[PDB]
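Residue numbers (the entry's author numbering), protein chains in the order written: chain A, 520 to 547, 567 to 664; chain B, 519 to 546, 566 to 664; chain F, 519 to 546, 565 to 664; chain C, 32 to 141, 150 to 309, 312 to 321, 321A, 322 to 398, 411 to 505; chain I, 193 to 244; chain G, 136 to 139, 149 to 192.
Working notes, structure below.
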Ligand SMILES: *[C@@H]1O[C@H](CO)[C@@H](O[C@@H]2O[C@H](CO)[C@@H](O[C@@H]3O[C@H](CO[C@H]4O[C@H](CO)[C@@H](O)[C@H](O)[C@@H]4O)[C@@H](O)[C@H](O[C@H]4O[C@H](CO)[C@@H](O)[C@H](O)[C@@H]4O[C@H]4O[C@H](CO)[C@@H](O)[C@H](O)[C@@H]4O)[C@@H]3O)[C@H](O)[C@H]2NC(C)=O)[C@H](O)[C@H]1NC(C)=O
Ligand SMILES: *[C@@H]1O[C@H](CO)[C@@H](O[C@@H]2O[C@H](CO)[C@@H](O[C@@H]3O[C@H](CO[C@H]4O[C@H](CO)[C@@H](O)[C@H](O)[C@@H]4O)[C@@H](O)[C@H](O[C@H]4O[C@H](CO)[C@@H](O)[C@H](O)[C@@H]4O)[C@@H]3O)[C@H](O)[C@H]2NC(C)=O)[C@H](O)[C@H]1NC(C)=O
Ligand SMILES: *[C@@H]1O[C@H](CO)[C@@H](O[C@@H]2O[C@H](CO)[C@@H](O[C@@H]3O[C@H](CO)[C@@H](O)[C@H](O[C@H]4O[C@H](CO)[C@@H](O)[C@H](O)[C@@H]4O)[C@@H]3O)[C@H](O)[C@H]2NC(C)=O)[C@H](O)[C@H]1NC(C)=O
Ligand SMILES: *[C@@H]1O[C@H](CO)[C@@H](O[C@@H]2O[C@H](CO)[C@@H](O[C@@H]3O[C@H](CO)[C@@H](O)[C@H](O[C@H]4O[C@H](CO)[C@@H](O)[C@H](O)[C@@H]4O)[C@@H]3O)[C@H](O)[C@H]2NC(C)=O)[C@H](O)[C@H]1NC(C)=O
Ligand SMILES: *[C@@H]1O[C@H](CO)[C@@H](O[C@@H]2O[C@H](CO)[C@@H](O[C@@H]3O[C@H](CO)[C@@H](O)[C@H](O)[C@@H]3O)[C@H](O)[C@H]2NC(C)=O)[C@H](O)[C@H]1NC(C)=O
Ligand SMILES: *[C@@H]1O[C@H](CO)[C@@H](O[C@@H]2O[C@H](CO)[C@@H](O[C@@H]3O[C@H](CO)[C@@H](O)[C@H](O)[C@@H]3O)[C@H](O)[C@H]2NC(C)=O)[C@H](O)[C@H]1NC(C)=O
Ligand SMILES: *[C@@H]1O[C@H](CO)[C@@H](O[C@@H]2O[C@H](CO)[C@@H](O[C@@H]3O[C@H](CO)[C@@H](O)[C@H](O)[C@@H]3O)[C@H](O)[C@H]2NC(C)=O)[C@H](O)[C@H]1NC(C)=O
Ligand SMILES: *[C@@H]1O[C@H](CO)[C@@H](O[C@@H]2O[C@H](CO)[C@@H](O[C@@H]3O[C@H](CO)[C@@H](O)[C@H](O)[C@@H]3O)[C@H](O)[C@H]2NC(C)=O)[C@H](O)[C@H]1NC(C)=O
Ligand SMILES: *[C@@H]1O[C@H](CO)[C@@H](O[C@@H]2O[C@H](CO)[C@@H](O[C@@H]3O[C@H](CO)[C@@H](O)[C@H](O)[C@@H]3O)[C@H](O)[C@H]2NC(C)=O)[C@H](O)[C@H]1NC(C)=O
Ligand SMILES: *[C@@H]1O[C@H](CO)[C@@H](O[C@@H]2O[C@H](CO)[C@@H](O)[C@H](O)[C@H]2NC(C)=O)[C@H](O)[C@H]1NC(C)=O
Ligand SMILES: *[C@@H]1O[C@H](CO)[C@@H](O[C@@H]2O[C@H](CO)[C@@H](O)[C@H](O)[C@H]2NC(C)=O)[C@H](O)[C@H]1NC(C)=O
Ligand SMILES: *[C@@H]1O[C@H](CO)[C@@H](O[C@@H]2O[C@H](CO)[C@@H](O)[C@H](O)[C@H]2NC(C)=O)[C@H](O)[C@H]1NC(C)=O
Ligand SMILES: *[C@@H]1O[C@H](CO)[C@@H](O[C@@H]2O[C@H](CO)[C@@H](O)[C@H](O)[C@H]2NC(C)=O)[C@H](O)[C@H]1NC(C)=O
Ligand SMILES: *[C@@H]1O[C@H](CO)[C@@H](O[C@@H]2O[C@H](CO)[C@@H](O)[C@H](O)[C@H]2NC(C)=O)[C@H](O)[C@H]1NC(C)=O
Ligand SMILES: *[C@@H]1O[C@H](CO)[C@@H](O)[C@H](O)[C@H]1NC(C)=O
Ligand SMILES: *[C@@H]1O[C@H](CO)[C@@H](O)[C@H](O)[C@H]1NC(C)=O
Ligand SMILES: *[C@@H]1O[C@H](CO)[C@@H](O)[C@H](O)[C@H]1NC(C)=O
Ligand SMILES: *[C@@H]1O[C@H](CO)[C@@H](O)[C@H](O)[C@H]1NC(C)=O
Ligand SMILES: *[C@@H]1O[C@H](CO)[C@@H](O)[C@H](O)[C@H]1NC(C)=O
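Quick look at the structure:
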């Protein structure tokens, strides 16, 4: 399957091809063409770096699928796993959880920082 | 919640609890003067961020705000006890004190990480 | 202490002990005219090269590690050379010359091994 | 029971966004031919076998009229023209008084009023000396100074200084592909009967658009893509008379335009290393330039367009008129660029037909011009140098641009006049099926996995 | 003037100096320069003694 | 023209200038502040 080939697929089918999206995320003369190429390359680099920084802050650095210790609040979405995972698509989930993304991001950062402090203290005890 | 750099005057241990805000804030047009200005500023910020990330990766602390290492502390660098270091001074004062030996400690961290890496490699090859 | 690219002519075993200097050196004002534009273009190109290599290492699961052992079996089709001689008799250039044909397939194989490992680890964690 | 947040990197989700795209041209365009405005080795080579991935079970909303990547294309074309005309000769010295007389050749004694023989003083390499030079100018490029009809001036001398298009540089349009940077994608609407706006059932994705030729023309889209099933009439708001109607033809109508005169060129040194290429006498008998369109094919095409128009306008009489002959030549005639010379053809014979509910060739008389103020911008003019020998082109009419006249008190009849400004419509007719989306690979969804402590 | 039918000459700025000063060419990150130290090298072919 | 500082502050001025065509000069005129014009000679008639 090609890039974005599982756009209309369900969650479980689409999650099997995150790699092609991840690799296309960084795919790859004075005047106008050269300047535009350079500006777009800088912007793409910026987007990639922000995504990598978020993944590192959440403790999922270097991982495409990463389980976290943040409990899933039922207020965000009360639907059980199987319906969302074998019925809906990623676009629909994104539009549903679009309201609560910032809260989950902040919770993930705090959870990773707390885990890091706990691990440091545990190593210090030994 | 404390803002960006809000723990500058706090002690070491108290300021160590607000690393996420600073780490996040580190990576917060046409041919006119301001398009070009934004352009080189963004490029330079990217370069500095990549340099720091490269250092962290070389030390094996990649993706970690707080990372324990195996380099033993040397009394020559500083002979103060941990309690007064972490409940007396601030990060600015400690950085001023340690600026003499920073390069040596960086080199030791790189060598230690590489040593651990090849140790793990040969250990896995043994199995 | 050996300098940058110091072990270019050394065998693989001796050269593998000096990866830190190379890793450090891979990422070691300007006017509005052609000159500054070209120089900052080279800066951008270097950044792209570094990020591309880092992305490949992350996709292989070896992010942040100079030397990383993977789970991909080594096909004898790619090479049948013995180990002590390949690590105490060959330099990196000769090795690269031999494997220039099969690098891309090994890249895909490493990536699929990493992705399958990730999927199985997620499944095992979900089982608990 | 107790689910936990899970982070997926590489999620196939996107969002509407505006970005900057770069150009990609065919590899054949890099074979020498550095003399080119569009793709003078400034575009990356096109990717062989472009990868189009068909996205299934997906519906997306397109909008050709609020679409980006058209304004950006227009800006890129303007900047390309300015950059390619930067090193060219600036005709500052040419803004001088001309002593023009109606030149009288042997064939003139036997459309010879279309040109005049203008003699003027031109500064030599020495600033203290002048030389009485002569040239031939089209009457469309000179205006009288007095009412005595003896002294003229170039038409642009009250507006700006024209720039002689460099004779080596070739502004022949070539297919240009638009490609997004990393982290963005182009969504192509494969719905064959798509009318330009609304949801699209069949959607795919690509990295680069198809080869889009940047042909600038009025009243007739030339060398464009064609519809697949039927003629498609597209308008932002049909009931609004101020919105131009873009007609897309599924069958191209061949048009052959010729300039049969044998012109001669001369060089005038207007400064140090500056040569101005002018028009000398005409060799042989004179024949007016013209374009040829098959009468049967054009009649069939206009009948189909009328049928579609009456379909979109149920209870009204659809009649085609010609644009009024009082406006700018760019909007009242089908203007284009053929073989380096700019034509302005009178299409009064094309849209002269009326339809009732119940081998011959149309010949369109054309006029050439040398001083071209394109982009409808006052202050940006150029001088296209003359080309020796005859000139012939064979373009494909793949679309029309109509404009419904304002609803008068005498209703029950709608008149459609070809033309309509906003030259961006030429690009819009090609980029209707494309939109730019930003990928957002980071997604979070609950799962029955908890990270180990 | 000899140039007046060819191109417009530009006076060298009197305050601007243009005496040749040493200039070193440096590669960006990720690139290296190989210097051939073979003292009898004729400028083409293999070079035994190399440096970076 | 003042009723009567601001009396001598301004000057009538007539000159020749290039038109849109760089071979004909047109006699124009304007009002210039005396702070913007410097006498050429000592007769007080020609300024620049
Ligand atoms: C819609 O699309 C059609 C189809 O593409 C297009 O018509 C094409 O127009 C171009 C541009 O005028 C034509 O290309 C020119 O054609 C002639 C003759 O060459 C043709 O025929 C010979 C014989 O088979 C072939 O070898 C050749 O490849 C062509 O098919 C020439 O006048 C042109 O060459 C000169 O111009 C080039 C500029 O691009 C220069 O690169 C080239 O070196 C030549 O210039 C030199 O010679 C000139 C003559 O001495 C001299 O005056 C110059 O200063 C210079 O020294 C060029 O090949 C193409 O053939 C047309 N195709 C068809 C099928 O008719 C329409 O124009 C387009 N419509 C619109 C509105 O854009
Ligand atoms: C803008 O541009 C215009 C056009 O160039 C200028 O108008 C010219 O101004 C000059 C200088 O004032 C005029 O020259 C003067 O003309 C008068 C007539 O002289 C003519 O006829 C005598 C014979 O009778 C000839 O000798 C002479 O060469 C002329 O052909 C006289 O006022 C002047 O000549 C007298 O005085 C001078 C010295 O003062 C003596 O040398 C002469 O012998 C004689 O005694 C003088 O020649 C010229 O005629 C104007 N041209 C036109 C077309 O009218 C404007 O001055 C210029 N600037 C401005 C600010 O408007
Ligand atoms: C447009 O008008 C211009 C003038 O505004 C005109 O150019 C003129 O051409 C003539 C003929 O070539 C030039 O005459 C030159 O000067 C004298 C005139 O007697 C002669 O030495 C030369 O004339 C030769 O040819 C004549 C026949 O026409 C013979 O009678 C004679 O014996 C000579 O053989 C010489 O050519 C004249 O100088 C130019 N003028 C300028 C300003 O250059 C041009 O021909 C007109 N163009 C068209 C298309 O009608
Ligand atoms: C494209 O070509 C068409 C023709 O194929 C052309 O339209 C023509 O315009 C000319 C003028 O440019 C018309 O000729 C005359 O124009 C003026 C208008 O004021 C008058 O002298 C004449 O009009 C009289 O017509 C009647 C004479 O019997 C009188 O009763 C009446 O009162 C007027 O005084 C005359 O029209 C010419 O007729 C038209 N031709 C057609 C077929 O309409 C058009 O201008 C060209 N387009 C462009 C953009 O160049
Ligand atoms: C939805 O849109 C897609 C993309 O345009 C359509 O797929 C296209 O289908 C056509 C017709 O079958 C294909 O053309 C033909 O394909 C094969 C060779 O590939 C061969 O039969 C012919 O030579 C011809 O080229 C086209 O390749 C294909 N495009 C892609 C990208 O797959 C699809 O048909 C549309 N679906 C509907 C229901 O309209
Ligand atoms: C292209 O096709 C689309 C549909 O695929 C057309 O959009 C449709 O436009 C009509 C008006 O022309 C809309 O009807 C009006 O909608 C609203 C809401 O009811 C209101 O203004 C009126 O009561 C009326 O019903 C229609 O809803 C809309 N359809 C969709 C799906 O959006 C579009 O007009 C077509 N364009 C051309 C040029 O033919
Ligand atoms: C497409 O264009 C038509 C024609 O311009 C638009 O219809 C026009 O809509 C405007 C408001 O946008 C109407 O003005 C208002 O009308 C009534 C009284 O007639 C009243 O609400 C206000 O006082 C105001 O005047 C205008 O009358 C109407 N014209 C016609 C001929 O229907 C139409 O809205 C456009 N469609 C879209 C989707 O933009
Ligand atoms: C104007 O429209 C005509 C008619 O659609 C265009 O002629 C067509 O051009 C295409 C593209 O080159 C031809 O297809 C190709 O033809 C040959 C085999 O015949 C080969 O190169 C490819 O396999 C492909 O099939 C098509 O045959 C041709 N049709 C006709 C009737 O001649 C023309 O290119 C358009 N443009 C002009 C005249 O500038
Ligand atoms: C291969 O090339 C290398 C690099 O050019 C040669 O090494 C160079 O050898 C010369 C002669 O011994 C060295 O000069 C000496 O260096 C020190 C002071 O730096 C001192 O002993 C002397 O005053 C003299 O200047 C030179 O520094 C050295 N270069 C480097 C980078 O180490 C080498 O000799 C060549 N090998 C052969 C077999 O030709
Ligand atoms: C600035 O300094 C003051 C004074 O030391 C700090 O307030 C002290 O906070 C500690 C830690 O909670 C308490 O034990 C002390 O009792 C506080 N002292 C007083 C006088 O209130 C204050 O927190 C510092 N602020 C920052 C931002 O570092
Ligand atoms: C702590 O730092 C001191 C000071 O750098 C080190 O002392 C050096 O030891 C080396 C090796 O014996 C000597 O060659 C240097 O001369 C010493 N430096 C000074 C300034 O005396 C000491 O080795 C370090 N200790 C540890 C355990 O790393
Ligand atoms: C392309 O899109 C058009 C326009 O939405 C689709 O036409 C619809 O067809 C269905 C089925 O006949 C009708 O119920 C709708 O009313 C039509 N819509 C309109 C606006 O007329 C068409 O089916 C699509 N074609 C493909 C191949 O996807
Ligand atoms: C142009 O084509 C139209 C049809 O596309 C021709 O007119 C039709 O001719 C048929 C065959 O005789 C009749 O059945 C229709 O009633 C005619 N329609 C009209 C409106 O007259 C027409 O003859 C062709 N030529 C011209 C010059 O219009
Ligand atoms: C520098 O390179 C030259 C050219 O390769 C070497 O010259 C060779 O010397 C050997 C030994 O005398 C000869 O057998 C070869 O025939 C020579 N080659 C050529 C092409 O003439 C030279 O030895 C090298 N210098 C050093 C110091 O290694
Ligand atoms: C689209 O839906 C159909 C019907 O449920 C299904 O068979 C098919 O696999 C789906 N395609 C994708 C790409 O999800
Ligand atoms: C869920 O969200 C609500 C609303 O913000 C919050 O009050 C509550 O504490 C959350 N519960 C859990 C279990 O996370
Ligand atoms: C170069 O080769 C010689 C001869 O085999 C060997 O002794 C020497 O160690 C090698 N040098 C390096 C730097 O590997
Ligand atoms: C050209 O000149 C001849 C001879 O003077 C004259 O008879 C004829 O009418 C002229 N032709 C024009 C002005 O078209
Ligand atoms: C035009 O005339 C010249 C002579 O002036 C001749 O050599 C050339 O062949 C002619 N060109 C054409 C296209 O007839």
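Don't be surprised by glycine CBs; every beta carbon is placed ideally from N, CA and C.
{"Query": "Tell me, please, which residues DSSP counts as bridged to residue 160 of chain G.", "Result": "G:171"}
{"Query": "Can you pull out the residues from the segment 193 to 214 of chain I whose beta carbon lies closer than 8 Å to at least one beta carbon of chain C?", "Result": "195, 196, 197, 198, 199, 200"}
{"Query": "Which partner residues of residue 656 of chain F appear in the DSSP bridge assignment?", "Result": "Beta-bridge pairing links residue 656 of chain F to no other residue."}
{"Query": "Roughly how many whole angstroms lie between the Cα atoms of residue 266 of chain C and residue 648 of chain F?", "Result": "42 Å"}
{"Query": "Say whether chain B places a C-beta atom closer than 8 Å to the C-beta of residue 649 of chain A.", "Result": "no"}
{"Query": "Short check: CB of residue 217 of chain C to CB of residue 74 of chain C, under 8 Å?", "Result": "no"}
{"Query": "How should residue 287 of chain C be labelled, buried or exposed, when 16 other C-beta atoms within 10 angstroms of its C-beta is the threshold for buried?", "Result": "buried"}
{"Query": "Going straight from the alpha carbon of residue 623 of chain F to that of residue 629 of chain F, what length do you get?", "Result": "13 Å"}
{"Query": "Quick test of your reading: residue 322 of chain C and residue 136 of chain C, contact by CB under 8 Å. State the CB separation rounded to the nearest angstrom.", "Result": "7 Å"}
{"Query": "Between which two residues does the beta strand (DSSP E) harbouring residue 295 of chain C extend?", "Result": "284 to 298"}
{"Query": "Give the single residue among C:45, C:247, C:383 whose Cα lies nearest to the Cα of residue 79 of chain C.", "Result": "C:247"}
{"Query": "Answer yes or no: do residue 76 of chain C and residue 58 of chain C have a C-beta to C-beta separation smaller than 8 Å?", "Result": "yes"}
{"Query": "Mind checking whether the beta-carbon of residue 527 of chain B lies closer than 7 Å to any heavy atom of ligand 10?", "Result": "yes"}
{"Query": "With a 10 Å radius around its C-beta and 16 neighbouring C-beta atoms as the bar for buried, classify residue 161 of chain G as buried or exposed.", "Result": "exposed"}
{"Query": "So, under 8 Å CB-CB, residue 51 of chain C and residue 574 of chain A are touching, yes? Tell me the CB distance rounded to an integer number of Å.", "Result": "5 Å"}
{"Query": "Could you check whether the segment 570 to 587 of chain B touches the segment 573 to 588 of chain A, counting it as contact only if at least three pairs of C-beta atoms, one from each stretch, sit closer than 8 Å?", "Result": "yes"}
{"Query": "Closer than 7 Å to a non-hydrogen atom of ligand 12 - does that hold for the CB of residue 237 of chain C?", "Result": "yes"}
{"Query": "Starting from the Cα of residue 595 of chain B, find the closest Cα among F:591, F:542, F:527, F:572 and give me that residue.", "Result": "F:542"}
{"Query": "Is there a Cβ from chain F that is less than 8 Å from the Cβ of residue 238 of chain I?", "Result": "no"}
{"Query": "From what residue to what residue does the beta strand (DSSP E) around residue 39 of chain C run?", "Result": "35 to 40"}
{"Query": "Which of the three DSSP states, helix, strand or coil, is assigned to residue 482 of chain C?", "Result": "coil"}
{"Query": "Would you say residue 462 of chain A lies against chain F (beta-carbon separation less than 8 Å)?", "Result": "This structure leaves residue 462 of chain A out entirely; chain A is present only between 520 and 664."}
{"Query": "Can you tell me whether residue 464 of chain C is buried or exposed? The criterion is at least 16 other CB atoms within 10 Å of its CB, across all chains shown.", "Result": "exposed"}
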